[PDB]
Amino acid sequence: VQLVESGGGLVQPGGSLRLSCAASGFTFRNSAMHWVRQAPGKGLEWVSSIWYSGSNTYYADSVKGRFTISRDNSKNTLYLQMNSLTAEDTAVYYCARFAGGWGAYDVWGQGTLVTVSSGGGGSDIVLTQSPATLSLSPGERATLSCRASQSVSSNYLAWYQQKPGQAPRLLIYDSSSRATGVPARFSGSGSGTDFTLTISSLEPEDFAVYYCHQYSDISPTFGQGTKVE
Amino acid sequence: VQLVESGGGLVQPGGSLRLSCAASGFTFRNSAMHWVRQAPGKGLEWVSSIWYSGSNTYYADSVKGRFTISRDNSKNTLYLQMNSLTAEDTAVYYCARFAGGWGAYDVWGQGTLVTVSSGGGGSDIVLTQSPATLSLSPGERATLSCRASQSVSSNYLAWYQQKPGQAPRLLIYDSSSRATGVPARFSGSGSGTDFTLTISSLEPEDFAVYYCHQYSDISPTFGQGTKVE
Amino acid sequence: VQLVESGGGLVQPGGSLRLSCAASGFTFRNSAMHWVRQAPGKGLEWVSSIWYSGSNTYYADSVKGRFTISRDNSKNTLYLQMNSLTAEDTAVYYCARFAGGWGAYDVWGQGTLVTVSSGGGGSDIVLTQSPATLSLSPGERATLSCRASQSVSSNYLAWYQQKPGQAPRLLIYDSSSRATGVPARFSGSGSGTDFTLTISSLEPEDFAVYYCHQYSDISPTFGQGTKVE
Amino acid sequence: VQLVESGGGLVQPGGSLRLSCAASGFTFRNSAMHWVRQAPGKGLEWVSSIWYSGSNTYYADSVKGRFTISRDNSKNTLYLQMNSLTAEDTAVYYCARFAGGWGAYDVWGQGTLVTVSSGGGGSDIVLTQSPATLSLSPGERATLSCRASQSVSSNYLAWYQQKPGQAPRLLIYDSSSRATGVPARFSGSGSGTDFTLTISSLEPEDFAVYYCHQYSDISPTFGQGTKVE
Amino acid sequence: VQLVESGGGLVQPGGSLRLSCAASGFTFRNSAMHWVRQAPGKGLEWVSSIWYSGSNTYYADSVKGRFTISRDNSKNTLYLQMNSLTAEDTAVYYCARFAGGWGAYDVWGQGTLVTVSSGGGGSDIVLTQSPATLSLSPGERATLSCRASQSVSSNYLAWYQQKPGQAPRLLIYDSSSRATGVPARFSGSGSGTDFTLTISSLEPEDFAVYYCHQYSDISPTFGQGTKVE
Amino acid sequence: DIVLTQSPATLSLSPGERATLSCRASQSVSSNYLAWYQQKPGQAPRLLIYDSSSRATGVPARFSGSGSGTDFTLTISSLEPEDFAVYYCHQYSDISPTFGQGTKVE
Amino acid sequence: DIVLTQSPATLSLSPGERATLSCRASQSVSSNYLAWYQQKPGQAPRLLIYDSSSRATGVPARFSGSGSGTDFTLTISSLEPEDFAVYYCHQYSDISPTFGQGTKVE
Amino acid sequence: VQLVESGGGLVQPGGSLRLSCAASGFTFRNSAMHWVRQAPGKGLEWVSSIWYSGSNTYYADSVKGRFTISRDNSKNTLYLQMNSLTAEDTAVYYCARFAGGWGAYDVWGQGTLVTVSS
Amino acid sequence: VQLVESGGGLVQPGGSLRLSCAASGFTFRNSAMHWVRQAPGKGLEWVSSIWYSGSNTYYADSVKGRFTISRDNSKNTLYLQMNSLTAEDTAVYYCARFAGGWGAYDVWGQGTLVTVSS
């Protein structure tokens with residue numbers, strides 16, 4: 001009793017790939033066949049299922065509309081056509097015979113790696129903000145840090161304020177330039193790889209999420225934000 | 001059926017005081033009598049109990065060895081002798097008749113306020129540190145703020161580092177002078193009412209609790225600390 | 001330059017204790033010596049000061065009339081005599097040399113723990129009221145909950161109403177018995193560990209704080225209160 | 001049912017201390033009473049036992065000959081006389097009632113901290129060696145690190161080699177000076193807080209444990225050793 | 001250039017022993033001489049020091065007050081008088097010449113083993129808990145293991161819970177008996193050498209360190225604890 | 001197997017007199033784990049003394065137990081009319097509990 | 001003088017595997033008076049098997065001894081982590097007791 | 001703190017009978033419980049004992065192989081199953097709580113008479 | 001049932017040393033007691049044996065004429081007097097109870113290290 005997988009490989013986002021699984025040693029044409037995948041360093045996730053003629057094929061919500069399970073009982077082969085692939089589809093894909101109360105997934109294919117990527121990565125300057133959270137009171141000082149993995153040329157670093165449900169608002173650009181209409185209690189400083197945003201005396205309207213942003217190259221990146229609550 | 005209370009008032013720490021409770025309208029000598037107290041803004045707390053001739057009397061753990069409950073049945077009077085008074089004893093004290101399964105505390109005295117205090121204030125310099133907690137990684141910068149309610153004359157402000165289970169360790173004094181043996185990555189600054197401690201590049205041994213301290217008058221005060229974790 | 005401490009330990013409320021601090025490596029006879037304490041989990045707090053013959057000795061407000069600082073310059077030893085001890089005095093006590101503008105508390109003792117306690121628990125029946133606050137309008141229904149950590153034998157649980165500046169007033173006892181004169185809109189129910197007080201139609205005079213109270217053992221306990229505002 | 005403990009504190013090595021534990025709520029005269037201690041950050045450790053006066057008192061090897069357990073049944077009190085104290089006795093000591101098959105240690109005192117120390121608020125110079133283990137082959141290079149918690153004055157740091165069953169052998173002193181008879185393949189370097197021992201080409205006779213040692217003050221300390229396998 | 005050590009051996013707790021170290025090849029009468037010890041499977045630890053007349057003798061806190069270092073310069077002999085011995089003194093003791101900046105410990109005695117024990121060739125019942133740590137969330141199952149090196153007669157094994165700063169609390173005794181007031185979600189099982197503590201559904205109040213404890217003989221022992229986080 | 005022998009089998013006494021009852025074991029009773037019980041006609045036994053000398057809760061002071069090893073005594077200082085009953089001694093020092101054959105105080 | 005020869009000198013095995021240890025005597029061991037001991041580093045030897053095949057009280061069943069005359073075997077059916085130690089055989093059939101040189105199971 | 005007994009009565013030789021003991025007022029699940037019997041006009045005699053899970057149940061030689069002691073901790077009940085009854089088993093049977101060093105048999109059932117006769 | 005050993009330590013060649021072994025938990029007066037030693041990194045080696053009064057004490061050839069085994073039954077103590085010590089006598093020495101057909105060396109002392117060096 002065996003399941004021989006083939007296919008997979010490295011593909012670009014939006015591309016297509018077909019997986020196949022050739023069965024032997026059991027009455028394949030009667031067996032329910034599933035596909036299961038496992039993202040790198042993650043757990044098992046059911047993908048799709050197919051059974052006898054007269055039954056519904058089933059899909060996971062992530063793939064419904066993009067993947068197609070099929071079978072050719074004349075070749076004892078199971079297929080998975082994967083369209084509109086994105087980096088979240090990167091996983092090892094297993095074919096498996098489903099025996100339900102008679103063995104669950106009792107036979108597994110060996111699994112094939114499907115990696116969907118456009119060439120990353122990468123050279124991107126990584127921005128790390130600290131701390132993730134600051135609990136303060138009105139009138140107190142807020143000091144926020146942004147550290148870059150590489151030097152930010154021309155100190156092209158900006159700071160944004162974002163309140164819930166609203167678009168980000170420019171506070172500081174060119175590391176130290178306070179934008180027009182921004183109160184003087186906001187000030188930015190630093191150079192190279194070490195930048196700081198200081199709110200001298202917090203007001204009740206200053207409690208929000210703050211992002212740093214480097215625009216010194218063709219691959220703009222943001223920090224993950226510091227929440228001031 | 002009433003309990004008439006008397007006594008109480010304002011005393012100094014280490015002082016003594018006796019409360020009284022004269023009963024009428026019931027057979028006092030057969031009733032169990034309790035004292036209950038209520039600190040300003042807090043809830044009710046049982047203090048002591050006493051009962052019949054074979055007096056098996058009980059005390060709350062905090063008052064054991066300091067308070068004495070007693071009764072004079074010929075006078076229908078309940079007493080509470082209060083010795084070794086401290087600020088935690090500040091409360092409104094009630095005498096109460098305990099009816100148990102027939103009424104719990106069914107009769108209460110009107111209550112008398114007992115305040116233990118050695119002076120009105122309390123007019124000290126208040127240091128407020130910010131933030132209370134900083135979650136940071138090694139290599140990052142910690143910026144700690146200490147704000148004073150009044151100007152700190154001569155900038156007599158000091159910073160201390162304290163690790164779990166160890167005595168405090170002087171880092172900075174005179175607002176900005178490093179103590180002997182303190183690495184250069186620690187630096188203090190500020191004047192008047194606004195002081196900051198900055199740890200430029202956090203080492204694993206730098207994660208601890210940091211306190212600021214003003215010594216510009218005869219009432220030394222500390223901040224409540226900032227935990228760098 | 002070192003301060004070697006000794007003394008401390010575990011004592012009962014109202015007890016007395018004496019701490020010692022032997023100095024070496026500096027001219028102790030001319031030094032200003034302080035005592036500083038730190039309750040478990042809390043911050044640093046100044047206690048007392050002593051200096052040259054011809055200066056004043058100072059005490060924190062809470063310890064005035066209870067603690068006595070002294071020194072024996074012939075033996076280079078500092079003392080702290082602690083009387084009228086209560087649970088609020090539980091702390092690690094430090095002796096420290098005060099250098100003023102030349103180092104603040106630049107030398108510390110290792111500290112000794114003083115614990116003031118008449119017992120170790122703790123195993124009382126804990127009553128937990130919910131919710132802490134109820135904002136309601138007249139005519140609505142208030143449902144107050146009281147949960148006990150252990151079963152309340154015989155359902156000896158009472159409810160009290162307290163208005164600001166007044167003594168508590170018995171509403172319910174034996175979990176479900178309305179006291180004489182209590183309107184029918186109040187009603188208690190429950191058993192074991194789960195008890196509720198229900199005010200069917202709130203009147204303006206019903207807005208107050210409500211406490212539950214178990215009297216099923218020798219250690220009576222109250223809930224912390226529910227404020228119906 | 002309660003055990004009220006008292007005593008403890010900070011004492012000099014070789015000093016004496018007496019612990020007491022006052023019982024209530026049970027027939028103390030019939031109960032076996034034990035002492036249990038817990039070193040800082042360690043587990044529970046049995047200390048001593050006492051029973052009826054027709055049985056023998058028992059002690060752990062850690063305390064036998066220096067400690068004396070006793071009881072005064074007329075005061076329902078348990079005692080532990082602690083003589084000839086050593087820093088190894090530093091722990092929180094608990095009194096406990098032993099019920100055997102009817103409850104093991106079912107009642108505990110709250111515990112009192114006993115610290116046996118002669119030092120001040122400062123810490124000894126701590127040496128940390130890294131890595132803990134090095135697995136290498138003959139001919140290869142071994143690089144060992146010793147980092148001090150404080151700067152080592154005059155670079156008074158030494159390196160020793162110890163083979164199983166033998167006394168340590170001096171390799172390097174004054175950080176870089178190679179001892180008499182030591183092959184040139186051993187060499188030390190570094191200053192202040194960062195020191196290194198280098199074995200240029202390992203021989204089979206070099207596989208041993210290596211210790212660093214600072215002698216820049218009156219309190220000598222050693223590293224915890226690096227084993228070269 | 002030699003130090004010939006002698007003495008040591010196996011001694012009862014509380015006993016006495018004297019170590020000797022005979023020097024030759026150098027001007028012993030002027031040399032600083034130290035004693036250093038090494039517990040089995042541990043690192044080097046300084047014990048005591050003696051020097052010229054006019055200098056202080058020094059001791060480590062582990063031995064100060066019980067051990068006496070001395071010298072007879074007319075016989076070029078160093079002595080260590082070891083009184084009030086305890087199990088924690090078990091170690092190999094080395095005499096060593098201290099040369100400071102001219103060689104640190106450049107000459108060592110060969111070392112003699114001192115073992116302080118009252119036991120026989122059998123070992124106490126060793127309890128091993130596993131795992132050392134469990135990271136769980138409220139509502140989940142905690143399964144803790146305690147394995148004994150020998151069979152625990154009558155299944156006299158207990159389980160305790162200890163929260164930070166508090167005394168241990170009895171959970172289970174006689175392997176399976178749940179103590180009074182312990183919630184039913186705690187349950188113990190097992191026999192002989194294999195025991196288990198199960199917390200069916202963790203509550204937030206269950207996060208603590210858990211110890212097993214055998215009381216089946218005259219030498220009570222504890223497990224080293226499992227921390228549930 | 002520890003045999004307990006009580007004596008005398010019968011004691012005829014008046015109210016106000018003292019009754020001295022003896023229980024002797026064939027071997028030493030470990031930890032002095034010996035108890036005394038009172039039993040009246042038609043009723044269940046009642047604990048009087050345990051651990052050789054400890055009086056159970058509610059037992060009047062006129063009852064007192066003493067002894068150790070193999071020789072134990074129950075003493076009733078001043079007999080009351082309600083004290084006339086049968087008295088049993090009981091050793092619980094091992095896994096095979098045994099009782100005396102009883103002393104009838106009449 | 002009876003010489004005991006153990007083999008092999010060293011056994012490298014993993015947990016769960018079986019260890020078969022052999023003790024061969026230069027002469028017949030009268031009454032099969034042969035014993036096996038386990039010794040861990042820094043500890044005293046501990047009796048495992050005596051009389052060639054008797055498992056001592058408290059010794060787990062996974063240890064078993066067999067053989068007679070001049071050929072004896074100690075078998076550990078399923079090695080546990082605590083079983084890795086040195087094992088000695090020992091003959092006490094005459095007035096000159098002798099030991100094997102040991103087999104280290106690592 | 002009490003033990004409620006039930007059962008007993010008059011049975012023929014070779015018959016069977018089950019005794020019950022319902023406890024209240026203490027932690028029955030953890031208690032050692034014994035059965036003691038007393039033949040008419042004779043003395044007290046220990047019969048059987050049961051304790052925590054992981055302990056050995058014990059029987060007097062005179063009942064071993066015929067009597068079975070058991071407990072249902074969820075119901076706080078002690079049982080004695082008596083099989084192969086003989087005229088010598090005629091006695092008043094008591095359940096009792098065993099407190100050892102803290103009170104020996106400090107709580108007794110009221111007893112029930114079992115008579116074996118034809 | 002245990003053997004409490006004492007003595008040992010570091011001595012110079014030609015020196016003397018006496019080891020002690022205090023027994024409890026069995027009738028020492030009837031037991032045969034042996035000394036066994038183990039040089040560092042080597043195996044177990046029998047040293048000496050002693051039994052009831054009227055029986056022969058035995059010695060290994062390597063210690064015959066230098067070591068003396070003895071016992072004091074009134075104190076339940078076994079002794080080994082070690083004279084004319086040499087570097088080869090360096091070993092951990094164990095006292096042990098010899099049970100023969102009923103358990104060989106079934107009880108061991110914890111052992112004491114004797115080192116002979118100059």
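When reading the values below, keep in mind they use all heavy atoms of this one structure, side chains included, and skip hydrogens, waters and symmetry mates. Residue numbers begin at 1 in each chain, while the letters A, B, ... track the order of the sequences.
- A cation-pi geometry, defined here as NZ or CZ lying under 6.0 Å from the six-membered ring centre and within 45° of its normal, does not hold between C:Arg169 and B:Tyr105.
- From B:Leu78, atom CG reaches atom CH2 of B:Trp35 across 5.0 Å, with rounding to the nearest 0.5 Å.
- Within the model, atoms CG of C:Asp61 and OG of B:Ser118 stand 3.5 Å from one another, a figure rounded to the nearest 0.5 Å.
- The shortest distance between side-chain heavy atoms of C:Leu127 and C:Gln129 does not fall below 4.5 Å.
- A donor-acceptor pair shorter than 3.5 Å cannot be found between the side chains of C:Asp217 and C:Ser219.
- You'll find the ring centres of C:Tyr160 and B:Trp108 inside the 6.0 Å limit.
- A distance-only check finds no donor-acceptor pair linking the side chain of D:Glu5 to the backbone of C:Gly119 [under 3.5 Å].
- Under the 4.0 Å criterion applied to side-chain N and carboxylate O atoms, C:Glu205 and C:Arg185 are assigned as salt-bridge partners.
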(Q) Run B:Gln110 and C:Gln166 through side chain to side chain donor-acceptor pair (under 3.5 Å) and show every step you take. (A) CA-CA 7 Å; B:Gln110 76 177 89; C:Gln166 302 178 12; over 6 Å; no
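- Relative to the ring axis of D:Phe28, D:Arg71 places its NZ or CZ within 45° and under 6.0 Å from the centre.
- Classified by interplanar angle (parallel below 30°, tilted 30° to 60°, perpendicular above 60°), the ring pair B:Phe98/C:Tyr215 is perpendicular.
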Q) Going through the checks in order, is the side chain to side chain donor-acceptor pair (under 3.5 Å) test met by E:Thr180 and H:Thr27? A) CA-CA 7 Å; E:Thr180 304; H:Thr27 309; 3.2 Å; yes
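- A side-chain N or O of C:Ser16 and one of C:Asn83 form a donor-acceptor pair less than 3.5 Å apart.
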Q) Can you check side chain to side chain donor-acceptor pair (under 3.5 Å) on B:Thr86 and C:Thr86, steps first, answer last? A) CA-CA 7 Å; B:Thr86 58; C:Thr86 61; 3.1 Å; yes
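- With contacts defined as side-chain heavy-atom distances shorter than 4.5 Å, the pair B:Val114/B:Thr90 does not qualify.
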**Q.** Stepwise side chain to side chain donor-acceptor pair (under 3.5 Å) test for B:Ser24 and B:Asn76
**A.** CA-CA 7 Å; B:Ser24 183; B:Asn76 293 315; over 6 Å; no
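- Cation-pi geometry between B:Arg29 and B:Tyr52 is not met: the NZ or CZ atom fails to fall both under 6.0 Å from the ring centre and inside 45° of the normal.
- Residues B:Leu85 and B:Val11 form a side-chain contact, since some pair of their non-hydrogen atoms from C-beta on lies under 4.5 Å apart.
- Distance CG/B:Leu17 to CE/B:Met82: 4.0 Å, rounded to 0.5 Å.
- Residues C:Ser189 and C:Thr196 bring a donor and an acceptor atom of their side chains to less than 3.5 Å of each other.
- Distance CG/C:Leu197 to CD1/C:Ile172: 6.5 Å, rounded to 0.5 Å.
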